Each structure stands twice: as structure tokens, then as C-alpha cells.
Amino acid sequence: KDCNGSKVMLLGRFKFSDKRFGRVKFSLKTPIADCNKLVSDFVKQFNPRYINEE
RNA sequence: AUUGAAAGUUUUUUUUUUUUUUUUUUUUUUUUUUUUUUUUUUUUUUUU
């Protein structure tokens, strides 16, 4: 939902059989494009199933 | 049936010889097998 900050994502070799391995987050370094309106449109059109990452 | 007649114009002789339809005469002169086409798309080096 937030353009200026992402959630935590599982990625790497071990991300299920471990707690301290496979926790990464994304961020925009050049937010030069309007993004919040785009995210709002996407969630208002498709209504994606929000999920949480252990 | 004569004045009154009975006789092959016949035998014999090669139209033959000499002489290459011959010499010269390149089926060649030219014409680009080119021309448009991305070896491309899909796939988390990974779990009890």
C-alpha cells in the first residue's frame, strides 16, 4: 500500500526452516513517478489478497 | 506363166582416256543468385 516503504519478503536459500535467514525489504531510490495513486488504483481494481511474512 | 530368172547391203570396230566440288569462316557480345527475417519466449540453486 505504501509507496515510500515496502513489507518484508522471503528470499534466499533458507527462508522457511529458519527465522534469521531470508528477510529482505525493498525501497525506491528514485521515486520520480507518481506511485501512491497507482497503488490505490491497483488495489481498488484487483483487490489483491494482502499477506504477511513470518 | 511378165523379155526373166536368183541372189540379206551383209559382214568387222566397246564413245574410250585425262579431272578429289575444292580453299578460306572460333555459335560469341553483354547480365553480381540477391532481397526483406534478433536463435527468441516461459523457469527464484534450491527443503524434513
# chains A, B, ... in the order shown; residues from 1 in each chain; ligands from 1
$ interface_residues --of "chain B" --to "chain A" --cutoff "8 Å" --atoms "only C-alpha atoms (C1' of nucleotides)" --output "list in words"
residues 44, 46 and 47 of chain B
$ write_last_selection --atoms "N, CA, C and O atoms (P, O5', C5', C4', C3', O3' and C1' of nucleotides)" --output "PDB file, in the first residue's frame"
ATOM      1  P     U B  44      10.760 -19.972 -11.032  1.00  0.00           P
ATOM      2  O5'   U B  44      12.112 -19.598 -10.276  1.00  0.00           O
ATOM      3  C5'   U B  44      13.110 -18.808 -10.913  1.00  0.00           C
ATOM      4  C4'   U B  44      14.061 -18.194  -9.917  1.00  0.00           C
ATOM      5  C3'   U B  44      14.909 -19.185  -9.125  1.00  0.00           C
ATOM      6  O3'   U B  44      16.185 -18.609  -8.859  1.00  0.00           O
ATOM      7  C1'   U B  44      13.587 -17.911  -7.638  1.00  0.00           C
ATOM      8  P     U B  46      18.875 -20.664  -3.408  1.00  0.00           P
ATOM      9  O5'   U B  46      17.670 -21.431  -2.705  1.00  0.00           O
ATOM     10  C5'   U B  46      16.404 -21.504  -3.338  1.00  0.00           C
ATOM     11  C4'   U B  46      16.076 -22.909  -3.777  1.00  0.00           C
ATOM     12  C3'   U B  46      15.915 -23.939  -2.677  1.00  0.00           C
ATOM     13  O3'   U B  46      14.669 -23.853  -2.013  1.00  0.00           O
ATOM     14  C1'   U B  46      17.216 -24.851  -4.419  1.00  0.00           C
ATOM     15  P     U B  47      14.633 -23.638  -0.425  1.00  0.00           P
ATOM     16  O5'   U B  47      13.592 -24.724   0.094  1.00  0.00           O
ATOM     17  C5'   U B  47      13.442 -24.961   1.487  1.00  0.00           C
ATOM     18  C4'   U B  47      12.710 -26.249   1.768  1.00  0.00           C
ATOM     19  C3'   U B  47      12.829 -26.742   3.207  1.00  0.00           C
ATOM     20  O3'   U B  47      11.625 -27.400   3.590  1.00  0.00           O
ATOM     21  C1'   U B  47      13.730 -28.363   1.744  1.00  0.00           C
TER      22        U B  47
END
$ residues_around --residues "residue 50 (chain A)" --least-positions-apart "6" --cutoff "12 Å" --atoms "only C-alpha atoms (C1' of nucleotides)" --output "PyMOL selection string"
chain A and resi 1+7+43
$ residues_around --residues "residue 28 (chain A)" --least-positions-apart "2" --cutoff "12 Å" --atoms "only C-alpha atoms (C1' of nucleotides)" --output "JSON, numbers by chain"
{"A": [2, 3, 4, 5, 6, 25, 26, 30, 31, 32, 33, 34, 35]}
$ select_by_dssp --residues "chain A" --states "helix (DSSP H, G or I)" --output "JSON, numbers by chain"
{"A": [36, 37, 38, 39, 40, 41, 42, 43, 44, 45]}
$ select_by_dssp --residues "chain A" --states "strand (DSSP E)" --output "ChimeraX atom specification"
/A:8-9,24-25
$ write_last_selection --atoms "N, CA, C and O atoms" --output "mmCIF file, in the first residue's frame"
data_model
loop_
_atom_site.group_PDB
_atom_site.id
_atom_site.type_symbol
_atom_site.label_atom_id
_atom_site.label_comp_id
_atom_site.auth_asym_id
_atom_site.auth_seq_id
_atom_site.Cartn_x
_atom_site.Cartn_y
_atom_site.Cartn_z
ATOM 1 N N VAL A 8 8.157 -6.931 4.347
ATOM 2 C CA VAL A 8 9.270 -7.868 4.402
ATOM 3 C C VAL A 8 8.947 -9.046 3.495
ATOM 4 O O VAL A 8 7.795 -9.494 3.425
ATOM 5 N N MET A 9 9.954 -9.533 2.775
ATOM 6 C CA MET A 9 9.758 -10.588 1.794
ATOM 7 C C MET A 9 10.750 -11.719 2.026
ATOM 8 O O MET A 9 11.907 -11.492 2.386
ATOM 9 N N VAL A 24 14.150 -9.733 3.600
ATOM 10 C CA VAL A 24 14.597 -8.566 2.855
ATOM 11 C C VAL A 24 13.416 -7.637 2.613
ATOM 12 O O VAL A 24 12.257 -8.054 2.595
ATOM 13 N N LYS A 25 13.733 -6.358 2.419
ATOM 14 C CA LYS A 25 12.741 -5.335 2.131
ATOM 15 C C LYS A 25 13.210 -4.485 0.961
ATOM 16 O O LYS A 25 14.407 -4.237 0.791
#
$ decode --residues "chain A" --atoms "C-alpha atoms" --output "PDB file, in the first residue's frame"
ATOM      1  CA  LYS A   1       0.000   0.000   0.000  1.00  0.00           C
ATOM      2  CA  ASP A   2       2.771   2.473   0.874  1.00  0.00           C
ATOM      3  CA  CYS A   3       4.914   3.823  -1.949  1.00  0.00           C
ATOM      4  CA  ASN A   4       7.603   5.101   0.451  1.00  0.00           C
ATOM      5  CA  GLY A   5       8.099   1.720   2.137  1.00  0.00           C
ATOM      6  CA  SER A   6       7.638  -1.981   1.426  1.00  0.00           C
ATOM      7  CA  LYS A   7       6.859  -5.053   3.510  1.00  0.00           C
ATOM      8  CA  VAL A   8       9.270  -7.868   4.402  1.00  0.00           C
ATOM      9  CA  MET A   9       9.758 -10.588   1.794  1.00  0.00           C
ATOM     10  CA  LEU A  10      11.113 -14.131   1.909  1.00  0.00           C
ATOM     11  CA  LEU A  11      14.057 -14.710  -0.418  1.00  0.00           C
ATOM     12  CA  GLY A  12      17.220 -16.786  -0.448  1.00  0.00           C
ATOM     13  CA  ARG A  13      18.417 -20.266   0.413  1.00  0.00           C
ATOM     14  CA  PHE A  14      16.765 -20.687   3.825  1.00  0.00           C
ATOM     15  CA  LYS A  15      13.582 -18.739   4.477  1.00  0.00           C
ATOM     16  CA  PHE A  16      11.197 -21.314   5.996  1.00  0.00           C
ATOM     17  CA  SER A  17      13.309 -23.643   8.156  1.00  0.00           C
ATOM     18  CA  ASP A  18      14.947 -20.582   9.727  1.00  0.00           C
ATOM     19  CA  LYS A  19      13.933 -17.286  11.314  1.00  0.00           C
ATOM     20  CA  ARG A  20      17.075 -15.189  10.804  1.00  0.00           C
ATOM     21  CA  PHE A  21      17.611 -16.161   7.140  1.00  0.00           C
ATOM     22  CA  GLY A  22      15.694 -14.790   4.176  1.00  0.00           C
ATOM     23  CA  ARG A  23      14.240 -11.454   5.321  1.00  0.00           C
ATOM     24  CA  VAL A  24      14.597  -8.566   2.855  1.00  0.00           C
ATOM     25  CA  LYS A  25      12.741  -5.335   2.131  1.00  0.00           C
ATOM     26  CA  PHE A  26      12.530  -3.200  -0.998  1.00  0.00           C
ATOM     27  CA  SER A  27      12.731   0.568  -1.302  1.00  0.00           C
ATOM     28  CA  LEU A  28      12.574   3.147  -4.074  1.00  0.00           C
ATOM     29  CA  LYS A  29      15.738   5.180  -4.574  1.00  0.00           C
ATOM     30  CA  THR A  30      14.319   7.491  -7.276  1.00  0.00           C
ATOM     31  CA  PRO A  31      10.600   7.939  -6.552  1.00  0.00           C
ATOM     32  CA  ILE A  32      10.352  10.271  -9.546  1.00  0.00           C
ATOM     33  CA  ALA A  33       6.969   8.897 -10.659  1.00  0.00           C
ATOM     34  CA  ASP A  34       3.578   9.214  -9.002  1.00  0.00           C
ATOM     35  CA  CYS A  35       3.086   5.905  -7.225  1.00  0.00           C
ATOM     36  CA  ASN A  36       0.518   6.153  -4.432  1.00  0.00           C
ATOM     37  CA  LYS A  37      -2.335   6.831  -6.854  1.00  0.00           C
ATOM     38  CA  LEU A  38      -1.184   3.869  -8.947  1.00  0.00           C
ATOM     39  CA  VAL A  39      -1.127   1.539  -5.940  1.00  0.00           C
ATOM     40  CA  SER A  40      -4.566   2.788  -4.905  1.00  0.00           C
ATOM     41  CA  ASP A  41      -5.907   2.127  -8.406  1.00  0.00           C
ATOM     42  CA  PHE A  42      -4.418  -1.368  -8.453  1.00  0.00           C
ATOM     43  CA  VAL A  43      -5.879  -2.284  -5.068  1.00  0.00           C
ATOM     44  CA  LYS A  44      -9.241  -0.732  -5.988  1.00  0.00           C
ATOM     45  CA  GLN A  45      -9.422  -2.674  -9.271  1.00  0.00           C
ATOM     46  CA  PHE A  46      -7.982  -6.096  -8.418  1.00  0.00           C
ATOM     47  CA  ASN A  47      -8.315  -6.085  -4.609  1.00  0.00           C
ATOM     48  CA  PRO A  48      -5.216  -8.256  -4.085  1.00  0.00           C
ATOM     49  CA  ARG A  49      -5.106 -10.532  -1.056  1.00  0.00           C
ATOM     50  CA  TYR A  50      -2.743  -8.855   1.393  1.00  0.00           C
ATOM     51  CA  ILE A  51      -0.425 -11.343   3.084  1.00  0.00           C
ATOM     52  CA  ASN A  52       2.068 -11.263   5.939  1.00  0.00           C
ATOM     53  CA  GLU A  53       5.538 -12.806   6.005  1.00  0.00           C
ATOM     54  CA  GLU A  54       6.813 -14.643   9.083  1.00  0.00           C
TER      55      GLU A  54
END
